[PDB]
Each structure stands twice: as C-alpha cells, then as structure tokens.
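Chemist: Below: one structure in structure tokens.
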Amino acid sequence: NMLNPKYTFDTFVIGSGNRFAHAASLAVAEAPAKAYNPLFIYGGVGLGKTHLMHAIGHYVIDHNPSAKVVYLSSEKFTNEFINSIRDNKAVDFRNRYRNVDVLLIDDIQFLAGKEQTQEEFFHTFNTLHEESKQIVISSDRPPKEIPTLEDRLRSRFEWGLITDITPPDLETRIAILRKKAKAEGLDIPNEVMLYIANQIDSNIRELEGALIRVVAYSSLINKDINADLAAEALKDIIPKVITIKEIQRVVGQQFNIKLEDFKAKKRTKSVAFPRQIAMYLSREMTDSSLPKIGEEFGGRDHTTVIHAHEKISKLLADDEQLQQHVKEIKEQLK
Amino acid sequence: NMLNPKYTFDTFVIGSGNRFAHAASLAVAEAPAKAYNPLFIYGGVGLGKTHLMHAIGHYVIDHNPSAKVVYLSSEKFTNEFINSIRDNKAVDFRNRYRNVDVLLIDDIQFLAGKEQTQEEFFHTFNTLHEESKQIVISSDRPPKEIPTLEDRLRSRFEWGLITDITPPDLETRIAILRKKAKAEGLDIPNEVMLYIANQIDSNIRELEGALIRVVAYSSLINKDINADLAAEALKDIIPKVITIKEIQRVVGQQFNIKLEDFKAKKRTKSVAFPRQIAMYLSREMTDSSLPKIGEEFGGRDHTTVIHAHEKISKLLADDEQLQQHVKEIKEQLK
Amino acid sequence: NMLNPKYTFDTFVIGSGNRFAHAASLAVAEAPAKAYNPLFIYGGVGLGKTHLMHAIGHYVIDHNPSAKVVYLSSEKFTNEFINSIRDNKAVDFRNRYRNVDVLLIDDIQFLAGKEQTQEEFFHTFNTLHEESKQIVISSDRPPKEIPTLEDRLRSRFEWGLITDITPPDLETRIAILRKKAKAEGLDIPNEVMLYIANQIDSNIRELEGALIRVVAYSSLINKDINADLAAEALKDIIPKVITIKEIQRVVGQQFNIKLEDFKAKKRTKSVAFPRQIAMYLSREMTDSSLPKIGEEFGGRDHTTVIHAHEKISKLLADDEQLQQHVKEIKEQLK
Ligand SMILES: Nc1ncnc2c1ncn2[C@@H]1O[C@H](COP(=O)(O)OP(=O)(O)OP(=O)(O)O)[C@@H](O)[C@H]1O
Ligand SMILES: Nc1ncnc2c1ncn2[C@@H]1O[C@H](COP(=O)(O)OP(=O)(O)OP(=O)(O)O)[C@@H](O)[C@H]1O
Ligand SMILES: Nc1ncnc2c1ncn2[C@@H]1O[C@H](COP(=O)(O)OP(=O)(O)OP(=O)(O)O)[C@@H](O)[C@H]1O
Ligand SMILES: [Mg+2]
Ligand SMILES: [Mg+2]
Ligand SMILES: [Mg+2]
C-alpha cells in the first residue's frame, strides 16, 4: 500500500544506537495497543525512524490483515485537516482518522507553531487512546523541547515510552552497507566497504549515496571496485576539527606573523594587533577555556585577553575594512 | 512545449568532462525512478546541465507520451509557490507539482536563504519520492557547499547520485564547434575551428558567441572565413596567468627599478622600498610558497619578507597616496 | 508609444564606425528572435545606440502589429523593480517584463552595483531567451569591463553577437549634417557643412548643437548662412598633440634657461633641476618612449632617466607648491 517495501524489520540493521527503539517498535508490532500505546521516537535525520515504523506497519498488516494501519506525515495531516475544514469535509476527516487500528506519524515537530492542527491532533490522540488503539509518533526532538506545544500534548507524549536514535558506529555502518549491497546484488571488497564507512559518517542517507556513486563510477569506468576506485570516486564529497594551533597557523598564514612573535612581550601596535585579532578569533570560535587559551598564547592572564577582544569587538562594530578582513579570515580558515 | 528542441541527447557532445553526467542522465532517462531517483548534476557555467535535463525530458516524453514531465527553475518554483500562497491556491499548487511523473528542477542554489520555500520543496521531494517519481536537480555547487540549506534537504540531496561537469578539453571544444557549425548549415575551416577553440576556454555559451561573431563579420565583409579573418573578427572579444617574473617586470616598468637592485643586499630606504612593495604584491597575488618567492627575491629569509610586508600593511592601512599607487599597480599588472 | 519617430533606419547614416552595428541591427529587425537573439551593442556617447534600438523597434512594430516590443532603460528597470517589490506587486512586474516579444533594454552598465536588480534582470533574460524572445542590450563599454557583473549575466551578454560603434569620420559627419538639414528643410551651403564637420568632431550631439547654433544665429542676423557667419556663430563654442620640444621650451622659459643648453653636459643644479622637471612632465604626460626621450635629451641612459624620474617623484611627494607650479605649466600647455 502506502508503505515502502524496502522498509521492514528483517531489512533493518540492529546496532547500539538503535537497539532500544527497534526493540520497542517490535514489541509494539507484536502487541499493538497493549505494551506501549503511545510510542514516541526521536533522533537525528537519516537515522531510521521512518524505516522503523514502516516496519511496524508491515508487521501489523502481515500478522493481521483486518487491521487498518494508516501512516502519514504531520505535513499531510495538517494539509488534509485544513482542506477538510475549507471544503466542509470535517466529518469525513474525523471518520478516516479516529477509526484507524494503528496510526503512524512522521516529524510531529511540524505541528509546532500551528494551534488548531495541534488541537485536532490532541483530540485524535485522545479518541484513539480511549478506544485502546495504537499511536506511534516520530520526531527529531524529544517532546520536552518542542516549542509552541501545549502542556496537555506534552504530557500525552511522555505518557508512554520515549525512544531515541543516535548516529551509528563503524560496525553497524559496515553492516548497513553490506545489507544494501547484498539486497542490490553486487560484490564489493571489505577494504572498499571499510573505507567508505570510515570516510563518510554523518547520517546513513549519505552512506547509501556514497556507495551508489562509487559503484556507478566503477560501472562507467568499466572496472571492478577497489579501494583506489572508492578513493577517486569519493573525492568531491570528503568535518575539519579546528585546533588552537590550526587557527594560529591560519592567522600566521593570512597575516603571516612569525611563530614566536605572539609569545613575545612586545607592546608595540604592529606586533600587538595580530595577537589580539587572533585572540578574539580563538575566543569566539574555539571551545577551549580562557585560562587555557591564555596559557598556550604566551601564558598571558585572562585580563589581557578580555580587554583585547573587547576592544576588537568595539573596533569591528563601527569599522568595515577590518570587517571584510575578518570575514575573509573566517572564509579561508574553513 | 516547455522543452527546447535543440537541447537533446543527439546534439550533446560527450567528452571527458561530461561523460559521467551524460551516463547518469541517459541511464535515468532509460529507467526513470528506478536507477537513481534523486539525481543531482552540478558544475560551472555554460556547461550543459540545462541541455542534459532537457535531453532527459525529451527522451522520457518520446519513449512514454503519457508521462507527465515538468521542467522548471527553482526561481520559477519560488515565484509560483509564493503566488499560490498569496492568491489562496496552495492546494492547486500541490496538485500541480506533487503529482508529476518526472520533475526536472534547475539551479537549486536559488533556494539558499528562502526557508519556507525550502520547506515546501522538502515536502514536495518527500511526496515525489514516496510515490516513486523521478527527481532531477541541477545546481552550481555541491549540496554541502550551498549556504542556508537545512540538513534534511542536504541529506536528501546527497541520498542519490551526484555528478559534476568540468570545462571541455580542446578536442571537445573543436567537436562542439563543428556540431554547431553543421547545425547552422555552413562550412568553417578546421584552421578557424582550432583558432577559436584554442583562443577561448571559458564556456560553450561564449564558444558559440565567438563562432557567431566570426561568421557575422565574414558575412558583413563579404569574404570567406579564414584564420586571419577570425583574428580580425575577434579583436575585441578575446586568462593571462600572473607570475612572479612578470610582477617584477611590472613593478620595474612602473617604479622602474633595475632588475638586480631587488637582489642587492643594500639597506637604504630608496633601494629597499620597491623590494618590499613588490614582495607584498606577489604575496597577495601569487600561489607560490613564501620560501620559493623569498629565494627568488635574492635568496632572502622568510622573516625579512614577513616584517617588510607587514610594515607595508601598516603603511597602507593609514596612508592614501600609496593606496592609489598600489591600486594603479594592481590595475596595470593584470 | 515609447519609441521615437525621428529614430529610424532611414534617418541613420551608415559609415565605417556603424556599418557592422547597422547590419546586425537590421538582421535582428528583419528576423526577430531567430537570427541573433542576445544582441549586444556598445560604444561611446552620442553615437547612435538608442537610435538603432528605436529603429529596430519601429521596424518590428511596423511589420508585425501583433508584436509586443518594449523599449526601456536600465534606470527605469531598476526603478520599477524596486517600486514593485516595495508595493508587494512584483507579480505584475514579472508579467509585464517576461512576456515582451522584443526587449530593448538600454545603458545596461547602470545595473553595476545593484545585486538584486542584476538578479532580477538575470531571471528576466533567462525567461525571455528560453521562450525565443528577442533581446537587445546597449552599453557604453564591452560586457567584460562592466564592474560588479556576475559571470552568469556576463556570459548571457556574450552568448550571441556583440557589436561596437566607433566615432564617425569626415564624410559621414558631412552626410549626417546634410541629412539633418534636409529633414529640417533649409538650404545650407556645403562649405558651411564642411566647416562645421571639420571643427567639431566629438559625437552627433555637439555636431547637431553646432548646426542649431549656426541656424539660430543666422536667423537672428537675418543673413544667409555662409562660412564667415558660421565661424562667427561658432566662435564661442570652439585636442592638441603634446610635443617634447614644446614642453622643453615652456619649462626652459619658466626656469630661466635658454634652449641650446638642454642637451649640454653641464651638471649644475640650476640647469639639471629644470631639466629633470621637464623630463618628468614628458614622462607623466606624453606616450613617447624612454629611448626616444633620452635621444631628445642628448643620448642620456635609461638608468639615468629612471634615477631622475624617481628623484623628482620622491621630492614632489613631500611638497605641494612644486605641484602648483607643475599644474600651472600644464594649464599653460593646455
Ligand atoms: N539499521 C539501520 N538504522 C538506520 N537506518 C537504516 C538502517 N538500515 C537501513 N537504514 C536506512 O537508513 C535510511 C534513513 O532513512 P529514513 O527514512 O529512516 O530517515 P529518518 O531519519 O527516519 O527520516 P524521516 O522520518 O524524515 O523519513 C533509510 O533509507 C533506511 O533504508
Ligand atoms: N557537451 C555539449 N555539447 C554541445 N553543446 C553543449 C555542450 N555543453 C554545453 N553546450 C551548450 O552550452 C550552451 C549553454 O549551456 P547550458 O545552458 O546548457 O548549461 P549551463 O549553463 O550549465 O546550465 P544552467 O543554465 O541550467 O545552469 C547551450 O546552448 C548548450 O547547447
Ligand atoms: N549615423 C547616424 N546618422 C544619423 N544620426 C545619427 C547617427 N549616429 C547618431 N545619430 C544621432 O544621434 C542622436 C542621439 O544619439 P543616440 O541616442 O542614438 O546615441 P547614444 O548617446 O549612444 O545613446 P544612449 O541614449 O543609449 O546613451 C539621434 O538624434 C541621431 O540623429
Ligand atoms: Mg524518508
Ligand atoms: Mg543550471
Ligand atoms: Mg546608451
């Protein structure tokens, strides 16, 4: 029906970051409206929530064919709700959504900032929970930190079980890629697999994207996939952690002060100016503590750093030539 | 209809800079919504991304007349979306664009800075991907480079195939120019073809401008096209790499300091000043390493260059006569 | 409408400097949107660019009453665009300026420095060329040297034919004068036309103004126009080539020295200083080459010329009444 066939409990990879959410979803599928009537899922994007609840819907339909499992996104919920209001189809909207055996909702964050749709979902939740029906909600934030949410909805969300998804680690990244490769029907070396899994890790969508790009590049070049092939295909795609020494060398390449001049005790303006501009940049951009930064940068007290960067802010609040200088600094440092 | 009849697969010259993009585009045209749904071509200017998307549309419409194919630019998308919002026809906008079999969207970079429109296109993308429809996206720069793009949209862009287009080679430029001439229905000598293609490597949109200028000049002057006539026509149409030797000769033509004076070990202000002004000029307008430029400039240490160009920066941050002097220098060095 | 009855192809006098532009414009007029779609014409001031654009519009409207030709300036474009986006009526601005069969946009260089107006014109150009609508662009400088123009908009400017207008020569100046006089309906002796065309060669506009002044003064004096009356009428309206000999004579006059001792080998200050000032003036005023001026200076070496020029420049960089004397000398030479 309206469920992707690729998303299923059997095609889902279990890892440390999704074991709890997977187990809760499977328990809900095995015991609908009995174990966890409100089940709330939150996590990052590209982390497996839609896959998980498509798997729930598939499980429920397969084990029970009479069930009316409905899955949708909060965007479509609001669109249908408002169009029903505008076309006097409110009774039909209520009929279609209050009587489903299992309900599955994407990205309920979309409801934030919408008052009447939130009220209508509140009443739908109430009716479904009263009828001992099953409600499953996904989000990217826990219900505590969803803005513009009524306390009744916030308390309903926390009523049941709240599960979190975290970014996958290396073993499950390789396992996910292996599962995708085996489903597609391609043979690829472990070294290529590990190279991709190590080089790209922010979410999993980009993992599949990198894999399909490298296999397509190999197909075009008409050679089998190797580690060098993976490296050459995945070149325009490859975060740079900035260190205190890295920002020091950035400033000592742009304004190219010699390395030991910052540590010197010279009070002249020519020597001083790069010291305080780099001090302000490091203070605003790095997470290192103020005494620590003073320690590496000449072992200076925090008072000098404070005064220097404060006067730097004062001079950059009115003067624009150094403003374009500093925006270039922050453009070529990254 | 909305597709340029000239832009098609037959009129596209395959090279080493468009082979990967053309392969992905033709595979997508052969198997819409089955090979790589979110296809993402990006590249420079005048390179053929619009030609490629028009070719995809032509192929899929010819091989499947019933298929609903919509090509539009992201600017047109924003215009129509905002007009739908203001005219109270948003539902009609959703029906128009969410039900398309193949959606070709041009220059997605325009969505940078438009958060509501990015959300709308995010929802449209999700619908078109859930319904198993094809989405082809064009851009100037990779999705990780575009500013003010939500991580959801960036990850969905990077989910599918990503291809890039590079400027043509010289043989590719000659082949493109031959195809354009034979399409126009005229014969141009290979000497003229090589002359124009060797003169211009910017983009095909100016390659064809050069060819049309040559043909127009020949038609006016009532003489046959040859290399000399092409040179006559392209006098005012036709980048000069700036190197350290030519920078030194520019400064030795403006401030006319003799060649061996820079290499001299003198410490007088009159001798020294041209040395450091030229050194700062090169340092701000060269890609060569500081030790290399220092060795070239009399085999000097990098610290002396550092101090000299830094005092140059101080004297240019407050003095204006040398400011117009240096702007003249940079104007006439290029 | 917005076109000029006095600006048409019949009133245009074809010459060496506008034959190419006239032929390209006539081709565009005969076959709108099909021969040279992005036509770009640039030149000086008072040369015939707006005349040619109005002639193109006149021809198209005359041969095609169902043609929506719109002539406008860049200033009117930016005014209307900003007013529309301030009134929140941008949809009507777009509806007006993307449905024009021919767009005759003038003095496009005005768009320099207005980023969003440049973007709106960029989208307008894309929409108009994507639908096979003629585009004619006029400027005072070639598209390459229009500042703050993006590569995209410049490349669209360079896509088609680019023409240029050169200041007219004597025969076509006299032809323009004869045409203007015959259109006005007065008989003027050919000697008067030759006199005016000889003693005013700047553009059409001052030529037309000189003719108008001659006619008005002669009408006031109720005397038939002749060479002497034209001379008296143009007494108050009416550059010289600078000569090294003249410069030397002038400088020697101010600084109390004769003529024959310029090439003398005496190293006395009272003669060297005026000679250095004269050679500095020749260097910074004339295009004469350094070997040539050295030959005129009794075979002095280029190194000595360099040293004297640098010394004079540095000495003048610290004082102002030598600059005053130099300004007085330049005013005398003018
Ligand atoms: N074990 C796994 N954990 C997470 N994702 C997985 C796993 N195995 C496969 N995937 C893939 O991860 C991808 C992430 O897409 P998914 O639809 O789950 O995103 P999401 O974060 O839930 O977002 P949304 O709710 O907006 O759809 C899917 O294409 C899915 O096939
Ligand atoms: N490989 C090619 N063979 C033939 N013509 C080509 C090729 N690549 C580009 N062109 C031509 O270049 C011209 C301008 O390029 P085009 O508009 O197609 O690309 P683009 O600038 O990358 O696209 P977009 O405007 O969508 O960013 C077109 O007329 C097209 O025919
Ligand atoms: N070849 C020509 N023959 C006749 N008149 C000419 C010719 N060239 C220029 N002129 C005169 O130029 C006058 C005005 O100049 P025009 O506006 O055409 O030029 P422009 O200064 O380049 O234009 P713009 O208004 O775009 O800055 C017209 O009245 C026309 O008579
Ligand atoms: Mg999804
Ligand atoms: Mg594009
Ligand atoms: Mg003009």
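Identifiers in this document derive from the order of the structure tokens: chains are assigned A, B, ..., residues are numbered from 1 separately in each chain, and ligands are numbered from 1 in order of occurrence.
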I need the residues in region 202-308 of chain C that are alpha helix (DSSP H) according to DSSP; give them as a PyMOL selection string.
Modeler: chain C and resi 204-220+227-233+244-254+269-285+290-296+302-308
Chemist: Would you kindly return, as a list in words, each protein, DNA or RNA residue with an atom no farther than 6 Å from any atom of residue 124 (chain B), considering only C-alpha atoms and excluding same-chain residues fewer than 3 positions away?
Modeler: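 Residues meeting the cut-off are residues 98, 121 and 127 of chain B.
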Chemist: If you fit chain C onto chain A using every C-alpha atom, paired in order, what RMSD in Å do you get?
Modeler: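 Rounded to one decimal, the C-alpha RMSD is 1.1 Å.
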Chemist: Around ligand 5, which protein and nucleic acid residues have at least one atom no more than 7 Å from it, if we count only C-alpha atoms and all ligand atoms? List them as a CSV table (one decimal) with C-alpha atoms, in the first residue's frame.
Modeler:
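result-v6.csv, freshly written:
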```csv
chain,number,residue,atom,x,y,z
B,49,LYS,CA,23.2,20.9,-17.3
B,50,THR,CA,20.1,22.5,-18.8
B,106,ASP,CA,17.1,23.9,-12.3
B,107,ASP,CA,19.6,25.8,-10.2
B,138,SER,CA,20.6,21.0,-11.1
B,139,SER,CA,23.0,23.2,-9.2
B,140,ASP,CA,26.0,25.5,-9.4
```
Chemist: In Å, how far is it from CA of residue 128 (chain A) to CA of residue 159 (chain A)?
Modeler: 14.0 Å
Chemist: So which residues of region 8-197 of chain A fall under strand (DSSP E) by DSSP, listed as a list in words?
Modeler: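 Going through region 8-197 of chain A, the strand (DSSP E) residues come out as residues 38, 39, 40, 41, 42, 43, 69, 70, 71, 72, 73, 102, 103, 104, 105, 106, 134, 135, 136, 137, 138, 139, 161, 162, 163, 164 and 165 of chain A.
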Chemist: Could you pull out the residues sitting within 12 Å of ligand 4, using only C-alpha atoms and all ligand atoms, and write them as number ranges by chain?
Modeler: A: 3-4, 6-7, 45-54, 72-73, 106-107, 138, 204-205; B: 122-123, 125-131, 152-153, 155-157, 159
Chemist: Could you write out the selected residues, including N, CA and C atoms, as a short mmCIF file (atom, residue, chain, number, x, y, z; two decimals), in the first residue's frame?
Modeler:
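Done, and the output landed in selection.cif:
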```cif
data_model
loop_
_atom_site.label_atom_id
_atom_site.label_comp_id
_atom_site.auth_asym_id
_atom_site.auth_seq_id
_atom_site.Cartn_x
_atom_site.Cartn_y
_atom_site.Cartn_z
N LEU A 3 3.18 1.93 2.09
CA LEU A 3 4.40 1.62 2.83
C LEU A 3 5.47 1.18 1.83
N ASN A 4 6.67 1.70 2.00
CA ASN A 4 7.78 1.29 1.15
C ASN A 4 8.11 -0.17 1.41
N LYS A 6 10.85 -1.66 0.88
CA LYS A 6 12.23 -1.83 1.31
C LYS A 6 12.37 -1.73 2.82
N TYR A 7 11.45 -1.02 3.47
CA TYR A 7 11.50 -0.83 4.92
C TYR A 7 10.79 -1.99 5.60
N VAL A 45 18.38 13.04 11.75
CA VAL A 45 17.78 12.84 10.44
C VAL A 45 18.62 11.84 9.67
N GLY A 46 17.95 10.98 8.91
CA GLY A 46 18.62 9.88 8.24
C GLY A 46 19.04 8.78 9.19
N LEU A 47 18.29 8.58 10.28
CA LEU A 47 18.67 7.65 11.33
C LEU A 47 17.81 6.40 11.43
N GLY A 48 16.70 6.31 10.70
CA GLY A 48 15.97 5.06 10.63
C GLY A 48 14.57 5.04 11.22
N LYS A 49 14.01 6.21 11.54
CA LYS A 49 12.70 6.26 12.18
C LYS A 49 11.58 5.85 11.22
N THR A 50 11.58 6.41 10.01
CA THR A 50 10.56 6.03 9.04
C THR A 50 10.70 4.56 8.65
N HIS A 51 11.93 4.08 8.52
CA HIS A 51 12.15 2.66 8.31
C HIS A 51 11.54 1.84 9.44
N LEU A 52 11.76 2.27 10.68
CA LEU A 52 11.26 1.53 11.84
C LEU A 52 9.74 1.43 11.82
N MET A 53 9.06 2.54 11.56
CA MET A 53 7.60 2.47 11.69
C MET A 53 6.93 1.98 10.41
N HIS A 54 7.60 2.07 9.26
CA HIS A 54 7.16 1.28 8.12
C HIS A 54 7.26 -0.20 8.41
N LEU A 72 1.36 8.37 7.88
CA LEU A 72 1.44 9.64 7.17
C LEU A 72 2.42 10.56 7.89
N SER A 73 2.55 11.77 7.36
CA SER A 73 3.41 12.81 7.91
C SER A 73 2.54 13.95 8.43
N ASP A 106 4.87 10.91 11.05
CA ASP A 106 6.19 11.48 10.83
C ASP A 106 6.33 12.85 11.47
N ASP A 107 7.55 13.15 11.93
CA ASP A 107 8.04 14.51 12.18
C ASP A 107 6.98 15.42 12.78
N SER A 138 6.94 9.90 15.53
CA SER A 138 8.36 10.14 15.38
C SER A 138 8.62 11.63 15.39
N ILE A 204 23.02 8.19 7.49
CA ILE A 204 23.11 6.98 6.68
C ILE A 204 22.68 7.21 5.23
N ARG A 205 21.82 8.20 4.97
CA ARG A 205 21.46 8.54 3.60
C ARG A 205 22.70 8.80 2.77
N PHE B 122 11.14 20.58 0.29
CA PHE B 122 11.39 19.38 1.08
C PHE B 122 10.17 18.47 1.10
N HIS B 123 9.00 19.05 1.35
CA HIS B 123 7.76 18.27 1.35
C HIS B 123 7.44 17.71 -0.03
N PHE B 125 9.64 17.01 -2.40
CA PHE B 125 10.61 15.93 -2.59
C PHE B 125 10.17 14.67 -1.88
N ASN B 126 9.74 14.79 -0.62
CA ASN B 126 9.32 13.61 0.13
C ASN B 126 8.12 12.94 -0.52
N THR B 127 7.14 13.73 -0.97
CA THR B 127 5.99 13.16 -1.66
C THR B 127 6.40 12.45 -2.94
N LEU B 128 7.20 13.12 -3.77
CA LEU B 128 7.58 12.56 -5.07
C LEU B 128 8.45 11.32 -4.90
N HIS B 129 9.18 11.23 -3.79
CA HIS B 129 9.98 10.04 -3.53
C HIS B 129 9.16 8.90 -2.95
N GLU B 130 8.19 9.21 -2.08
CA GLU B 130 7.28 8.19 -1.57
C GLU B 130 6.42 7.59 -2.67
N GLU B 131 5.98 8.39 -3.64
CA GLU B 131 5.12 7.92 -4.71
C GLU B 131 5.91 7.27 -5.84
N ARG B 152 18.10 18.35 6.57
CA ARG B 152 17.19 17.38 5.98
C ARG B 152 17.27 17.43 4.46
N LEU B 153 17.17 18.63 3.89
CA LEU B 153 17.27 18.78 2.44
C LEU B 153 18.64 18.39 1.93
N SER B 155 20.79 16.18 3.21
CA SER B 155 20.90 14.73 3.24
C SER B 155 20.06 14.08 2.15
N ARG B 156 18.87 14.61 1.88
CA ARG B 156 18.05 14.05 0.82
C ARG B 156 18.65 14.30 -0.56
N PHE B 157 19.29 15.46 -0.75
CA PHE B 157 20.05 15.70 -1.98
C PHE B 157 21.19 14.71 -2.14
N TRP B 159 21.40 11.74 -0.89
CA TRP B 159 20.96 10.35 -0.88
C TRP B 159 21.20 9.66 -2.22
#
```
Chemist: B:225, B:210, B:241, B:39: which is nearest chain A, counting only C-alpha atoms?
Modeler: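 When distances to chain A are compared using only C-alpha atoms, the smallest one comes from B:39.
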Chemist: Suppose you want the space between CA of residue 299 (chain C) and CA of residue 334 (chain C); what is it in Å?
Modeler: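 It comes out at 28.2 Å.
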Chemist: Distance cut-off 6 Å, counting only C-alpha atoms - which residues of chain B neighbour chain A? Return them as a tab-separated table (two decimals) with N, CA and C atoms, in the first residue's frame.
Modeler:
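Listing of out34.tsv after writing:
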```
chain	number	residue	atom	x	y	z
B	158	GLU	N	21.91	14.42	-1.05
B	158	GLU	CA	23.06	13.53	-1.11
B	158	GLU	C	22.68	12.06	-1.07
B	159	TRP	N	21.40	11.74	-0.89
B	159	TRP	CA	20.96	10.35	-0.88
B	159	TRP	C	21.20	9.66	-2.22
B	160	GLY	N	20.94	10.33	-3.33
B	160	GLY	CA	21.01	9.72	-4.64
B	160	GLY	C	22.35	9.91	-5.33
B	161	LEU	N	22.31	9.91	-6.65
B	161	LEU	CA	23.54	10.07	-7.42
B	161	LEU	C	23.91	11.54	-7.55
```
Chemist: Let me make sure I understand: among C:63, C:240, C:94, C:154, which one has the smallest atom-to-atom distance to ligand 2 if we use only C-alpha atoms and all ligand atoms?
Modeler: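 Of the candidates, the smallest distance to ligand 2 is held by C:154.
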Chemist: Compare C:67, C:29, C:192, C:104 by their minimum atom-to-atom distance to ligand 3, counting only C-alpha atoms and all ligand atoms, and give me the closest one.
Modeler: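 Distance minimum relative to ligand 3 lands on C:104.
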